[PDB]
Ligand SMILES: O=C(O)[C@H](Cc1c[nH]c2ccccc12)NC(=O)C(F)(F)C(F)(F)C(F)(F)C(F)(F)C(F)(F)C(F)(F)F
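Shown below, as structure tokens, is a lone chain in the form solved without this ligand; questions about how it binds or moves come after it.
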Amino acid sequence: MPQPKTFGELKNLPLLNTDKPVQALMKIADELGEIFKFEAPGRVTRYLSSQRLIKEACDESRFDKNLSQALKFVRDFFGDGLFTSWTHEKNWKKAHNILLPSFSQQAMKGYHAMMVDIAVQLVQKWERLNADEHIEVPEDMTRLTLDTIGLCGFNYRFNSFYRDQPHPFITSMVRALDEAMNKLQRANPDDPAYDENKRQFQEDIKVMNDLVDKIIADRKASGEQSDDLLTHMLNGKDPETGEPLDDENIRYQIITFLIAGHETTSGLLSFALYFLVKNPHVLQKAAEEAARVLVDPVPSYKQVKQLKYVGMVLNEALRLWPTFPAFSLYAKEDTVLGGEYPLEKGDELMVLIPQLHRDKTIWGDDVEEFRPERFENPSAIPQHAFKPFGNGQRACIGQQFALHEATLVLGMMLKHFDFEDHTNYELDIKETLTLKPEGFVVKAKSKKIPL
């Protein structure tokens, strides 16, 4: 099995001593091919990049979701919430059953008005800019997505469009995530030189948990009938066990959904706008759809569902830069991968999604081009070829929520503004376990259509 360059003792671990480890792993995959072994002191994983192998890795009878070293580190604040639980922990299937109805078609229709509330605030912010003012794209997308999960999920207003600096929750979240990613390359993690990285980590976790405390208090003291995600956390009973979630798990779910429910969607929106301004004919086509479909002062649920090409734009952004770029699996039993690589029970795999999405045998030779038309007919895509939301019963519970929000917001953006790649931005992808453009700015000229 191919393996990248080694450093003695340290095997491959120093290759992760970079601020952009996923992009480093993509370059190694380009050099070595569909599979390569990656060793660190005391741990081994196999990175997969071809649909040929990943389709086998996605066979749930043979492989289950693994908690990578990264996920074990963030389990310090995510606990046994849905994202950082093993499939076999009792709280995983319990919470899965209790929370899945919060993502039904009926539930999604119920979120729509509150999604519009935040989307209108974004559109108003940009409409109120003066001439020559820049838009800081990932920053405003993070304002939008954080506020949206807060309102729709928890009837809580972060009011991020009322701040010029990031919300304190965001600052701590980013530092906690970046600390976890930085802890993966530490050859000796208990070295005393990291003892205030460890101080800072615990302070950031307390910041997040204090916010969780307020959301729970506000719900407790609220004289308004909510039927949202938090209602189901606090009241729903698992049909199989008949049990509700306990208080400690509820706290972990709130942190999990606040983070998971906004960060990757902010990345997606930022990548989508980047590719639109870099591809003016695609932008024109999407804008024509937005103008043709969005005929009312605010979008309806059904109109968002009719934004077909906008949806294709988003899937093509997720193809090139899936914002949660890798997921981990382990072998449930001894097995052979691809007729060629024997695995023992417990062996770990890493699915490198950006490389899967560049498999030329699936997509053709032009895999670096931004062409939403690849998604004209979703049924033409082979099984396990396009996996931005993970796999099987451990796939993303929020996929439809993210895509509805992103389609709504991008539709309104395209209806209301012309965009300019004002600074000829050179793509710079920041990594914090998730992917996002850094430093991406545009200018937006209003088409002066009232809200």
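Residue numbers run from 1 along the displayed sequence.
One more form of this protein, solved in complex with this ligand, exists but is not displayed; see below.
- This chain lacks the partner; the member of 331, 350, 307, 135 within 4.5 angstroms of this ligand in the bound PDB entry by a non-hydrogen atom is 350.
- With a 4.5 Å cutoff on heavy atoms, residue 419 does not count as touching this ligand in the bound PDB entry; it lies far away.
- Proximity of residue 21 to this ligand in the bound PDB entry: non-hydrogen atoms within 4.5 Å are present.
- At a distance threshold of 4.5 angstroms between non-hydrogen atoms, residue 43 is in contact with this ligand in the bound PDB entry.
- Looking at residue 324, you'd find a heavy atom of it within 4.5 angstroms of this ligand in the bound PDB entry.
- In summary, the region of this chain contacting this ligand in the bound PDB entry, judged by heavy atoms within 4.5 Å and restricted to 177-185, 282-290, 335-343, 360-368, corresponds to 177-185.
- Taking this ligand as it sits in the bound PDB entry, the stretch 57-75 comes within 4.5 angstroms of it through a non-hydrogen atom at 68, 69, 70, 71.
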